[PDB]
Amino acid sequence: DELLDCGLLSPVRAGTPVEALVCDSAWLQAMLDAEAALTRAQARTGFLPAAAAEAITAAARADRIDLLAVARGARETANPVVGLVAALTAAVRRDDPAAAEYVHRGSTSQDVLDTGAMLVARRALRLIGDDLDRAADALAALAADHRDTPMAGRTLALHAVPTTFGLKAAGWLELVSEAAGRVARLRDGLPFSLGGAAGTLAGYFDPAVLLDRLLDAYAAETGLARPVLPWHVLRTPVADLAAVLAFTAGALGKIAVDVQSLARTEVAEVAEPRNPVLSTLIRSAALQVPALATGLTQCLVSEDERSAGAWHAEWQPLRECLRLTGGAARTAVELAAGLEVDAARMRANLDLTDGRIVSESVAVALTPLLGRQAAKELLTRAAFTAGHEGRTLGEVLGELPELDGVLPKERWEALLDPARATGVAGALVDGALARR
């Protein structure tokens, strides 16, 4: 039928857990959760009877509600909360006519919708963070295992100097760990929305005493944070979600394009657990989320006490950012857990420039006996000459009169070995891993 979203156009998240958390029914449920938490908190502060709150809570179930009718009725007010409230009120009235007068008491559409949005975000970010933690575990393992696995460092698409795959993986780990930390902190900071019609909370009511009691109760009932001010037009939580999800998707995209560079036919230094489809999916989300994030970020420009459109522009892209990033994280776990590292092919590929990739380290080694300027000039000359003649760097070095007898044979064998010129990659990996 025409109502099914199966993820047909978005394989990066199709079949992944985040789908179930951010589908339309889950958002309907989140808005019902926000209503019932509102009633319960109002009862806890004395504004209505506890039994009416229990009845509303019991009726506040997505299966009591006609999802399609609510969605299709929203065009009349440009949001779904008026229809939702009517449906919940009828559902409560069926079982408890006294309780129905307290459904949505003193409230406004945006408190319920935004509170539900932060509930959905909070649950979805719990999943994204747990997946980022698993990915980080597999990456830290790859980093420790390959601390001493040499490979060609590549800059501007060409071999530069040798590095280690452990160092590369530790950069991956650094990105994923940063993302998981930001996801956790953002999750702990998402607030409820309790402002009333235009942010004065007039319908919900020393004014300071009652404000404090109600705000504490609604924090307790929702599990969300208490904000200093109603934020109907202070869209900091939405901008923060946009920033954190675009950072996360971009970091995973970094891992994805590195994997694709290593996995291509004529490199073949890693393989995915034979197209590299996992990195293709991660990359697909990486090319989508930042553009959605900029629309989210632009909605900070929200006029008056409720914008005539900029708030409405937030819901779908936010959901999609949660969905895509969720898929990408799940896919990243599969990638980092399953990556196949071909150390021997990395070692072989180190020889592709016929010694030129160690010329910097040879220049350094010759600096005590030649000077820095003379050694650098001699080595760039030898690298060019070896490139033209299709000979090894060491071959051209063994023909320059200036180098005759300059170093013992064994030291030359050590110097021209690409696997030994990795700088301090080992110490850097140790330092990154001690942070865990």
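Heads up: residue numbers just count along the shown sequence, starting at 1.
**Q** I'd like the number of residues from the deposited sequence that lie between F205 and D206 yet are not in the model, binned as none, 1 to 3, 4 to 9, or 10 or more.
**A** Gap size class: 4 to 9 residues without coordinates, per the record.
**Q** Classify the number of deposited-sequence residues missing from the model between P273 and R274: none, 1 to 3, 4 to 9, or 10 or more.
**A** Missing in between: 10 or more residues.
**Q** Which has the higher mean CA temperature factor in the PDB entry, 115-123 or 98-106?
**A** The deposited B-factors put 98-106 ahead on the C-alpha mean.
**Q** Comparing 362-370 with 196-204, which has the greater mean CA B-factor as deposited?
**A** 362-370 has the higher mean C-alpha B-factor.
**Q** Sorting the chain's CA B-factors, does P11 end up in the lowest, middle or highest third?
**A** According to the entry, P11 has a C-alpha B-factor in the chain's lowest third.
**Q** Which third, lowest, middle or highest, does the C-alpha temperature factor of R283 belong to within its own chain?
**A** Lowest third, going by the recorded CA B-factors of the chain.
**Q** Would you mind ranking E221 by its C-alpha B-factor against the rest of the chain and naming the third, lowest, middle or highest?
**A** As the PDB entry reports it, the C-alpha B-factor of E221 lands in the middle third of its chain.
**Q** Test of reading the entry: by CA B factor among the chain's modelled residues, which third contains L416?
**A** Answer is highest: the recorded C-alpha B-factor places it there.
**Q** Where does the C-alpha B-factor of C23 rank in its chain, lowest, middle or highest third?
**A** Its C-alpha B-factor belongs to the lowest third of this chain's values.
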